[PDB]
Amino acid sequence: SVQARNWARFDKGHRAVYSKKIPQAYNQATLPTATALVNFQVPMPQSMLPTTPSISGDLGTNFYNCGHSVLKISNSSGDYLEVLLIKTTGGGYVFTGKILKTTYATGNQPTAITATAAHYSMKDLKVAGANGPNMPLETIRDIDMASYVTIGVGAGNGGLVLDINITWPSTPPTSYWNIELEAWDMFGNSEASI
Amino acid sequence: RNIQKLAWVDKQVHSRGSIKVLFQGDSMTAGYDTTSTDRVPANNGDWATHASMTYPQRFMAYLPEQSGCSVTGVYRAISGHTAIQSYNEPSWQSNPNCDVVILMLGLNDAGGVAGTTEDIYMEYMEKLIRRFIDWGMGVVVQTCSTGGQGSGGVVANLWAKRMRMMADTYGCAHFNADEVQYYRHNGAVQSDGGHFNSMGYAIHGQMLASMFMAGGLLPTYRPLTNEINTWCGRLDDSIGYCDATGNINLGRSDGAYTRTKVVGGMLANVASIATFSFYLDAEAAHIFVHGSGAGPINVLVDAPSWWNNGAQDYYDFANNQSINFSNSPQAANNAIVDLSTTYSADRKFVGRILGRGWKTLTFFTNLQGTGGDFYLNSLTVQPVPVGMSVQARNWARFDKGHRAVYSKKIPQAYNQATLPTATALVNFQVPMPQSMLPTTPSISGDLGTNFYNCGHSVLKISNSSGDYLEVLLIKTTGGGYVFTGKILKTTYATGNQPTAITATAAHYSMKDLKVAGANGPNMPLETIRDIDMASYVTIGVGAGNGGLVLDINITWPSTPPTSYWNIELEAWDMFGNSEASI
Amino acid sequence: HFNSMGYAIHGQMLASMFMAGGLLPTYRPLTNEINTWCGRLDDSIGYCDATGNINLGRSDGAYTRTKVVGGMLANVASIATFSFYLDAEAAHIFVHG
Amino acid sequence: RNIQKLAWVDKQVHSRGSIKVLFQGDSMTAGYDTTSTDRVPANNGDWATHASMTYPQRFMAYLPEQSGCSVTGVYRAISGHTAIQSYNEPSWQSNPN
């Protein structure tokens, strides 16, 4: 149990891991083509959120009000990439991704890994009255996984996400990627909560 | 009398019997729909146009399908009717000769229809309950099922809650009808502000039948709160098992992958339906199965999977969803059991069920009788956080899970009265983690060839000498079941680093702790079996029913170092997952 | 015997049982995570609109799929209370507000 | 009758109604406090000094605040009293309504 987040005490939590496979391994009747990992959106973890932004300030300026998350990337080629997503600069909502451990050579290591805090936009699955008079009665809405807006640029009600941008020195390697975002979280926390 | 009749009805539901059901209520019971074009002309004694499927109609088509209990219904529902009107209806003064009455009134009573007050509503609902009991019918009282997910019918539902508590005096079973659309899209299930469409009424009837099969009629029923491993024929106060077709083989065999040895089986070339019904007391639950067989096994978990006339496109969006939009896209029903003979002994991740309410898990083979066999050895329903719920493994979405760690000490530190000797770590067997399993091997291929169908696990090894070894266990080659162990971080020197670390996927063999009749005639009655931790067979070489394991082989360049090792296998897993499930 | 604070605690817990629906025989203590909103009716969490001005209106501006925006209007004193029996030693409280 | 009245009371609690509450019991119900200085002189038909806030007093100040249901209470609590004494109390033989 956490009394106050990022308070004067050590908050005992677990290691919440956000796992995704690029390309997906579910129901692939044929072998998917190897893809380049240059951009993906992972939900913003709890440790990265500001504590009392109205009082202690937001991550835009007070870049200490956030914590860190570890981005562990591995591919079917055996290449591993451990990235420390931490905010070193203010003035924006960009987390500096420092590579901790990588099996890539220095000329093959990604040049810059950027984690940008953002909110998903909301989209209408079925606008009210789309099928006819009062069908549906109300608009059926969903989060737009393709539309996300950087914090400060605009407001989105789809949830806090990280726009992870991986910049490669040469053409991006293509493989079957395993993406894990490791960060501290409250035990069994469903959503990162400010 | 009401309790005895409800007990008889429950036994009929769980014994493939027959029940005559009285559907008494207002427009919501009648299936009122005057807004959409998915209507049928006024029937069943009502004046108002009805949706193409009403809740009683779906109940009568659904309960026999999922439980085998034949259901015949009598309609006593008129749109706009109140408790006072229902009690004094000239055509409803006769006994309909039913077994159970499902009574839902109060939406019109709260509106003051027929001069109805709260006291009048209470008195006449009590009178209706007494009259129904006097007619030999068990009474199931419903709260006012309305639209808006709590935004409407507030007074009606307050009166309904008071009526439900009053009906507790008469031992009446209850169905919280107001929460049947709580985790759904309102637009997908409503025709107007307070009335459902065909799909909404279908959902209501299906949840009512789910309460019937779950044992919710019984006063000893308890909603499912924690992970449960249930099998065919298991009797619990939380999960109600129904053999709808009456042909599920509750035979005991050592070929089962469970310790209960119940092999509950759907024979080939016959249509078998096994359904598990329960109230999920959580926002989500992961569904796991220990099942094997050759012919297609079909699992239906949520509403649009059982009935959908396709009258509206949006009827498909009427499955249970997460309440919050944040990082939770529209949920589609995905309940698949992968019948790969490679992983037949292994647990299969069926999918997730969303929402708090009455759930039915329908396991059925080919309904036309042209399919093969399936053995439903055990079913696991594990309530999970809704953000941790996985719809489909390794799908187009980011699945939020935790970091499951398999920890072992070589040598063990437990009950070591003397200091154990330092041992060399060259070979150990760790259970195969979830991230390393193939996704839909029957469709997307197994790890033997499609070496992408697996994920990676990190093997973190540390010893009492301070030497650390972080190994990425990942499959880089096909043609076998060998995972290439790439050393990520090690405190060893380059000449001291292990030359090759190999993780081989394998199954434990099963061994007999006590063969049947070992101690004498019929002692023990049955063979007591266990997994053989010393005997494991590589996948493809042979079949083992002891569980998916990794045969970790560490090759050292020189004589293997001897120390006190701490072995941790880090990998992604579903929150609280007990077993890696394909 | 309690002091003033102990008796205050006892009375407050008694009122909590009253508002939670603990008088009802169908009440169940809260055992797992629940996402409840204003106006939601559960056998575990009892919602009370103390001031009677919590807006149970439906709007797409809500951050939940239930669209209940249960709202405390500006310049008016609004009190929304949720009462339940916590069947655990601790619980994390989260709000979408 | 008890179940019907409890249902009515629950609806009043959850509907901003009004309930008249009888607080019957021993020193713990009366709010006995003869040890601390946080006391008030013996009131509510009891002989013993009471704490500055008793459980019934906090209940009557708390339930209307958190649920909107007005609460008026009748005190039938005397310190040191038992069930036999409470049943045969000369002043408690009348209906407190």
# chains A, B, ... in the order shown; residues from 1 in each chain; ligands from 1

call {"tool": "interface_residues", "arguments": {"of": "chain D", "to": "chain C", "cutoff": "10 Å", "atoms": "only C-alpha atoms", "output": "ChimeraX atom specification"}}
result
/D:3,6-7,9-16,27-39,50-69

call {"tool": "write_last_selection", "arguments": {"atoms": "N, CA and C atoms", "output": "CSV table (one decimal), in the first residue's frame"}}
result
chain,number,residue,atom,x,y,z
D,3,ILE,N,-37.3,-7.0,8.8
D,3,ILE,CA,-36.7,-6.9,7.5
D,3,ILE,C,-37.3,-5.8,6.7
D,6,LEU,N,-36.0,-2.5,8.1
D,6,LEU,CA,-34.6,-2.3,7.7
D,6,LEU,C,-34.4,-2.0,6.3
D,7,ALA,N,-35.3,-2.5,5.4
D,7,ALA,CA,-35.3,-2.1,4.0
D,7,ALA,C,-35.7,-0.7,3.9
D,9,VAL,N,-35.3,1.7,6.1
D,9,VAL,CA,-34.2,2.5,6.6
D,9,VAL,C,-33.1,2.6,5.6
D,10,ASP,N,-32.8,1.4,4.9
D,10,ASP,CA,-31.7,1.5,3.9
D,10,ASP,C,-32.1,2.4,2.8
D,11,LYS,N,-33.4,2.3,2.3
D,11,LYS,CA,-33.8,3.2,1.3
D,11,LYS,C,-33.7,4.7,1.7
D,12,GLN,N,-34.1,4.9,3.0
D,12,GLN,CA,-34.0,6.3,3.5
D,12,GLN,C,-32.5,6.8,3.5
D,13,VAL,N,-31.6,5.9,3.9
D,13,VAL,CA,-30.2,6.3,3.9
D,13,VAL,C,-29.7,6.6,2.5
D,14,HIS,N,-30.1,5.8,1.5
D,14,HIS,CA,-29.6,5.9,0.1
D,14,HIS,C,-30.5,6.8,-0.7
D,15,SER,N,-31.5,7.5,-0.1
D,15,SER,CA,-32.4,8.4,-0.8
D,15,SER,C,-32.6,9.7,-0.2
D,16,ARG,N,-31.6,10.1,0.7
D,16,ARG,CA,-31.6,11.4,1.4
D,16,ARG,C,-32.8,11.6,2.2
D,27,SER,N,-22.6,1.4,28.8
D,27,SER,CA,-21.7,2.5,28.8
D,27,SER,C,-21.0,2.8,27.5
D,28,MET,N,-20.8,1.8,26.7
D,28,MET,CA,-20.1,2.0,25.4
D,28,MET,C,-21.1,2.7,24.4
D,29,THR,N,-22.4,2.4,24.5
D,29,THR,CA,-23.3,3.2,23.7
D,29,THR,C,-23.5,4.6,24.2
D,30,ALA,N,-23.6,4.8,25.5
D,30,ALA,CA,-23.7,6.1,26.1
D,30,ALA,C,-22.5,7.0,25.9
D,31,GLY,N,-21.4,6.4,25.6
D,31,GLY,CA,-20.2,7.2,25.5
D,31,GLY,C,-19.4,7.4,26.8
D,32,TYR,N,-19.3,6.4,27.6
D,32,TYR,CA,-18.7,6.5,28.9
D,32,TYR,C,-17.3,7.0,28.8
D,33,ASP,N,-16.9,8.0,29.6
D,33,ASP,CA,-15.5,8.4,29.7
D,33,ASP,C,-15.4,9.1,31.1
D,34,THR,N,-14.7,8.5,32.0
D,34,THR,CA,-14.4,9.0,33.3
D,34,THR,C,-12.9,9.1,33.6
D,35,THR,N,-12.0,8.9,32.5
D,35,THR,CA,-10.6,8.9,32.7
D,35,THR,C,-9.9,10.1,32.1
D,36,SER,N,-10.3,10.5,30.9
D,36,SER,CA,-9.6,11.7,30.2
D,36,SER,C,-10.3,13.0,30.7
D,37,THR,N,-9.7,14.1,30.3
D,37,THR,CA,-10.3,15.4,30.6
D,37,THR,C,-11.2,15.8,29.4
D,38,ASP,N,-11.2,15.0,28.3
D,38,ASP,CA,-12.1,15.3,27.2
D,38,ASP,C,-13.5,14.8,27.5
D,39,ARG,N,-14.1,15.3,28.5
D,39,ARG,CA,-15.4,14.8,29.0
D,39,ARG,C,-16.5,15.9,28.9
D,50,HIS,N,-19.5,11.6,30.2
D,50,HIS,CA,-19.4,11.1,28.8
D,50,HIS,C,-18.2,11.8,28.1
D,51,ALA,N,-17.7,11.2,27.1
D,51,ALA,CA,-16.7,11.8,26.2
D,51,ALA,C,-17.3,13.0,25.4
D,52,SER,N,-16.5,13.9,25.0
D,52,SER,CA,-17.0,15.1,24.2
D,52,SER,C,-17.7,14.7,23.0
D,53,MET,N,-17.5,13.5,22.4
D,53,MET,CA,-18.2,12.9,21.3
D,53,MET,C,-18.4,11.4,21.6
D,54,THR,N,-19.7,11.0,21.7
D,54,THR,CA,-20.1,9.6,21.8
D,54,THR,C,-20.4,9.1,20.4
D,55,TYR,N,-20.5,7.7,20.3
D,55,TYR,CA,-20.7,7.1,19.1
D,55,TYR,C,-22.1,7.5,18.5
D,56,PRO,N,-23.2,7.5,19.3
D,56,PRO,CA,-24.4,8.0,18.7
D,56,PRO,C,-24.4,9.4,18.2
D,57,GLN,N,-23.7,10.3,19.0
D,57,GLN,CA,-23.6,11.7,18.6
D,57,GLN,C,-22.9,11.8,17.3
D,58,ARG,N,-21.8,11.1,17.1
D,58,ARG,CA,-21.0,11.1,15.9
D,58,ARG,C,-21.8,10.5,14.8
D,59,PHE,N,-22.6,9.5,15.0
D,59,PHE,CA,-23.5,8.9,14.0
D,59,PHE,C,-24.5,9.9,13.5
D,60,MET,N,-25.1,10.6,14.5
D,60,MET,CA,-26.1,11.6,14.1
D,60,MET,C,-25.5,12.8,13.4
D,61,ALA,N,-24.3,13.1,13.6
D,61,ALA,CA,-23.6,14.2,12.9
D,61,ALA,C,-23.0,13.8,11.6
D,62,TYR,N,-22.8,12.4,11.4
D,62,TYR,CA,-22.0,11.9,10.3
D,62,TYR,C,-22.9,11.4,9.2
D,63,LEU,N,-23.9,10.6,9.6
D,63,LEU,CA,-24.8,10.0,8.5
D,63,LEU,C,-25.5,11.0,7.7
D,64,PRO,N,-26.1,12.1,8.3
D,64,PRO,CA,-26.6,13.1,7.4
D,64,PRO,C,-25.6,13.8,6.6
D,65,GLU,N,-24.3,14.0,7.1
D,65,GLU,CA,-23.3,14.7,6.3
D,65,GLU,C,-22.8,13.9,5.1
D,66,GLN,N,-22.8,12.5,5.3
D,66,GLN,CA,-22.2,11.7,4.2
D,66,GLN,C,-23.2,11.0,3.3
D,67,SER,N,-24.5,11.0,3.8
D,67,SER,CA,-25.5,10.4,3.0
D,67,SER,C,-26.7,11.3,2.7
D,68,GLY,N,-26.8,12.4,3.4
D,68,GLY,CA,-28.0,13.3,3.2
D,68,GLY,C,-29.2,12.9,3.9
D,69,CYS,N,-29.2,11.7,4.6
D,69,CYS,CA,-30.3,11.3,5.4
D,69,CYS,C,-30.3,11.9,6.8

call {"tool": "select_by_dssp", "arguments": {"residues": "chain C", "states": "strand (DSSP E or B)", "output": "number ranges by chain"}}
result
C: 30, 45-49, 55, 58, 64, 68, 71, 80-84, 86

call {"tool": "closest_residue", "arguments": {"among": "B:513, B:160, B:299, B:323", "to": "chain C", "atoms": "only C-alpha atoms"}}
result
B:323

call {"tool": "interface_residues", "arguments": {"of": "chain C", "to": "chain A", "cutoff": "9 Å", "atoms": "only C-alpha atoms", "output": "VMD selection string"}}
result
chain C and resid 60 to 63 65 90 to 92 94 to 96

call {"tool": "write_last_selection", "arguments": {"atoms": "N, CA and C atoms", "output": "PDB file, in the first residue's frame"}}
result
ATOM      1  N   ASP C  60     -20.328  12.378 -23.547  1.00  0.00           N
ATOM      2  CA  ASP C  60     -19.132  11.844 -24.186  1.00  0.00           C
ATOM      3  C   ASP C  60     -17.855  12.470 -23.649  1.00  0.00           C
ATOM      4  N   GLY C  61     -17.957  13.554 -22.885  1.00  0.00           N
ATOM      5  CA  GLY C  61     -16.807  14.155 -22.249  1.00  0.00           C
ATOM      6  C   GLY C  61     -16.276  13.397 -21.061  1.00  0.00           C
ATOM      7  N   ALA C  62     -17.007  12.389 -20.596  1.00  0.00           N
ATOM      8  CA  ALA C  62     -16.519  11.523 -19.537  1.00  0.00           C
ATOM      9  C   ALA C  62     -15.353  10.683 -20.037  1.00  0.00           C
ATOM     10  N   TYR C  63     -14.471  10.326 -19.114  1.00  0.00           N
ATOM     11  CA  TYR C  63     -13.318   9.497 -19.429  1.00  0.00           C
ATOM     12  C   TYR C  63     -13.597   8.018 -19.224  1.00  0.00           C
ATOM     13  N   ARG C  65     -16.330   4.519 -19.989  1.00  0.00           N
ATOM     14  CA  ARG C  65     -17.263   3.963 -20.958  1.00  0.00           C
ATOM     15  C   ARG C  65     -18.706   4.017 -20.482  1.00  0.00           C
ATOM     16  N   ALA C  90      -5.575  -3.466   3.106  1.00  0.00           N
ATOM     17  CA  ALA C  90      -5.308  -2.175   2.497  1.00  0.00           C
ATOM     18  C   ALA C  90      -5.989  -2.128   1.141  1.00  0.00           C
ATOM     19  N   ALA C  91      -6.129  -0.920   0.609  1.00  0.00           N
ATOM     20  CA  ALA C  91      -6.679  -0.729  -0.720  1.00  0.00           C
ATOM     21  C   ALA C  91      -6.185   0.589  -1.289  1.00  0.00           C
ATOM     22  N   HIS C  92      -5.832   0.563  -2.567  1.00  0.00           N
ATOM     23  CA  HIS C  92      -5.454   1.758  -3.305  1.00  0.00           C
ATOM     24  C   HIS C  92      -6.700   2.411  -3.883  1.00  0.00           C
ATOM     25  N   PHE C  94      -8.198   5.024  -6.533  1.00  0.00           N
ATOM     26  CA  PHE C  94      -7.945   5.711  -7.788  1.00  0.00           C
ATOM     27  C   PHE C  94      -9.215   6.418  -8.234  1.00  0.00           C
ATOM     28  N   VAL C  95      -9.048   7.551  -8.904  1.00  0.00           N
ATOM     29  CA  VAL C  95     -10.173   8.347  -9.373  1.00  0.00           C
ATOM     30  C   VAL C  95      -9.912   8.782 -10.808  1.00  0.00           C
ATOM     31  N   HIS C  96     -10.955   8.730 -11.628  1.00  0.00           N
ATOM     32  CA  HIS C  96     -10.953   9.381 -12.933  1.00  0.00           C
ATOM     33  C   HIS C  96     -11.791  10.642 -12.787  1.00  0.00           C
TER      34      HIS C  96
END

call {"tool": "select_by_dssp", "arguments": {"residues": "chain D", "states": "helix (DSSP H, G or I)", "output": "ChimeraX atom specification"}}
result
/D:2-13,27-30,55-67,83-87,90-92

call {"tool": "write_last_selection", "arguments": {"atoms": "N, CA and C atoms", "output": "short mmCIF file (atom, residue, chain, number, x, y, z; two decimals), in the first residue's frame"}}
result
data_model
loop_
_atom_site.label_atom_id
_atom_site.label_comp_id
_atom_site.auth_asym_id
_atom_site.auth_seq_id
_atom_site.Cartn_x
_atom_site.Cartn_y
_atom_site.Cartn_z
N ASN D 2 -39.15 -6.76 10.92
CA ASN D 2 -37.80 -6.23 11.07
C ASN D 2 -37.13 -6.04 9.72
N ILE D 3 -37.28 -7.02 8.82
CA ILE D 3 -36.67 -6.93 7.50
C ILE D 3 -37.29 -5.79 6.70
N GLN D 4 -38.62 -5.64 6.77
CA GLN D 4 -39.27 -4.55 6.06
C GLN D 4 -38.80 -3.19 6.58
N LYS D 5 -38.70 -3.05 7.90
CA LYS D 5 -38.26 -1.78 8.46
C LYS D 5 -36.80 -1.50 8.11
N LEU D 6 -35.95 -2.53 8.13
CA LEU D 6 -34.56 -2.33 7.75
C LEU D 6 -34.43 -1.96 6.28
N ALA D 7 -35.25 -2.55 5.41
CA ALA D 7 -35.27 -2.15 4.01
C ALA D 7 -35.69 -0.70 3.86
N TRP D 8 -36.71 -0.28 4.60
CA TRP D 8 -37.13 1.12 4.55
C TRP D 8 -36.02 2.04 5.02
N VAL D 9 -35.32 1.65 6.09
CA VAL D 9 -34.22 2.47 6.61
C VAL D 9 -33.08 2.56 5.60
N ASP D 10 -32.77 1.44 4.94
CA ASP D 10 -31.73 1.45 3.92
C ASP D 10 -32.11 2.37 2.77
N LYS D 11 -33.37 2.32 2.33
CA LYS D 11 -33.80 3.21 1.26
C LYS D 11 -33.74 4.67 1.70
N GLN D 12 -34.08 4.95 2.96
CA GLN D 12 -33.99 6.32 3.46
C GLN D 12 -32.55 6.79 3.48
N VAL D 13 -31.63 5.92 3.87
CA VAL D 13 -30.21 6.27 3.89
C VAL D 13 -29.72 6.57 2.48
N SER D 27 -22.61 1.39 28.78
CA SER D 27 -21.67 2.50 28.82
C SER D 27 -21.02 2.80 27.47
N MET D 28 -20.75 1.77 26.66
CA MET D 28 -20.14 2.01 25.36
C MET D 28 -21.08 2.75 24.41
N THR D 29 -22.37 2.44 24.46
CA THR D 29 -23.34 3.19 23.67
C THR D 29 -23.54 4.60 24.21
N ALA D 30 -23.57 4.75 25.53
CA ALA D 30 -23.73 6.06 26.15
C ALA D 30 -22.53 6.97 25.93
N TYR D 55 -20.47 7.73 20.35
CA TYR D 55 -20.73 7.09 19.06
C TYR D 55 -22.09 7.49 18.50
N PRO D 56 -23.18 7.52 19.29
CA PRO D 56 -24.45 7.98 18.71
C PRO D 56 -24.41 9.42 18.25
N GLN D 57 -23.73 10.29 18.99
CA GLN D 57 -23.63 11.69 18.59
C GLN D 57 -22.88 11.83 17.27
N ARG D 58 -21.76 11.12 17.14
CA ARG D 58 -21.03 11.14 15.88
C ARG D 58 -21.83 10.51 14.75
N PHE D 59 -22.60 9.46 15.04
CA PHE D 59 -23.46 8.87 14.03
C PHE D 59 -24.49 9.88 13.53
N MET D 60 -25.11 10.61 14.46
CA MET D 60 -26.14 11.58 14.08
C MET D 60 -25.54 12.79 13.37
N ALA D 61 -24.28 13.10 13.63
CA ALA D 61 -23.64 14.20 12.92
C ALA D 61 -22.99 13.75 11.61
N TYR D 62 -22.80 12.45 11.44
CA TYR D 62 -22.02 11.93 10.32
C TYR D 62 -22.90 11.37 9.22
N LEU D 63 -23.90 10.56 9.57
CA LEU D 63 -24.76 9.98 8.54
C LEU D 63 -25.47 11.03 7.70
N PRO D 64 -26.09 12.08 8.26
CA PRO D 64 -26.62 13.14 7.39
C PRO D 64 -25.56 13.84 6.56
N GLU D 65 -24.34 13.98 7.07
CA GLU D 65 -23.30 14.67 6.32
C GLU D 65 -22.84 13.87 5.12
N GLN D 66 -22.75 12.55 5.26
CA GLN D 66 -22.18 11.70 4.23
C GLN D 66 -23.23 11.05 3.33
N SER D 67 -24.49 11.01 3.76
CA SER D 67 -25.54 10.39 2.96
C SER D 67 -26.71 11.32 2.66
N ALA D 83 -28.64 -6.41 29.74
CA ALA D 83 -29.86 -6.69 29.00
C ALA D 83 -31.06 -6.81 29.92
N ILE D 84 -30.90 -7.48 31.07
CA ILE D 84 -31.98 -7.59 32.03
C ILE D 84 -32.37 -6.22 32.57
N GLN D 85 -31.39 -5.38 32.89
CA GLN D 85 -31.69 -4.03 33.37
C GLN D 85 -32.32 -3.18 32.27
N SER D 86 -31.83 -3.32 31.03
CA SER D 86 -32.36 -2.52 29.93
C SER D 86 -33.81 -2.89 29.62
N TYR D 87 -34.13 -4.19 29.68
CA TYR D 87 -35.49 -4.62 29.38
C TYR D 87 -36.48 -4.16 30.45
N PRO D 90 -37.58 1.23 34.10
CA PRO D 90 -38.92 1.84 34.20
C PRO D 90 -39.19 2.90 33.15
N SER D 91 -38.18 3.68 32.76
CA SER D 91 -38.37 4.75 31.80
C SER D 91 -38.24 4.28 30.35
N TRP D 92 -37.86 3.03 30.12
CA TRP D 92 -37.67 2.51 28.78
C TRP D 92 -38.79 1.58 28.35
#

call {"tool": "interface_residues", "arguments": {"of": "chain A", "to": "chain B", "cutoff": "6 Å", "atoms": "only C-alpha atoms", "output": "PyMOL selection string"}}
result
chain A and resi 16-21+24-29+76-77+136-138+140+142-143+158-159+190

call {"tool": "residues_around", "arguments": {"residues": "residue A:65", "least_positions_apart": "5", "cutoff": "8 Å", "atoms": "only C-alpha atoms", "output": "JSON, numbers by chain"}}
result
{"A": [49, 50, 51, 53, 56, 57, 58, 59]}

call {"tool": "write_last_selection", "arguments": {"atoms": "C-alpha atoms", "output": "PDB file, in the first residue's frame"}}
result
ATOM      1  CA  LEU A  49       4.143  10.086 -14.106  1.00  0.00           C
ATOM      2  CA  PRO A  50       4.481  13.383 -12.221  1.00  0.00           C
ATOM      3  CA  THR A  51       3.647  13.472  -8.538  1.00  0.00           C
ATOM      4  CA  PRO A  53       1.662  18.164 -10.901  1.00  0.00           C
ATOM      5  CA  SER A  56       5.150  20.088  -7.559  1.00  0.00           C
ATOM      6  CA  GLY A  57       4.991  21.015 -11.246  1.00  0.00           C
ATOM      7  CA  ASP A  58       4.646  18.969 -14.423  1.00  0.00           C
ATOM      8  CA  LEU A  59       7.341  17.062 -16.303  1.00  0.00           C
TER       9      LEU A  59
END

call {"tool": "residues_around", "arguments": {"residues": "residue B:206", "least_positions_apart": "6", "cutoff": "9 Å", "atoms": "only C-alpha atoms", "output": "list in words"}}
result
residues 55, 58, 59, 62, 63, 303, 306, 358, 359 and 360 of chain B
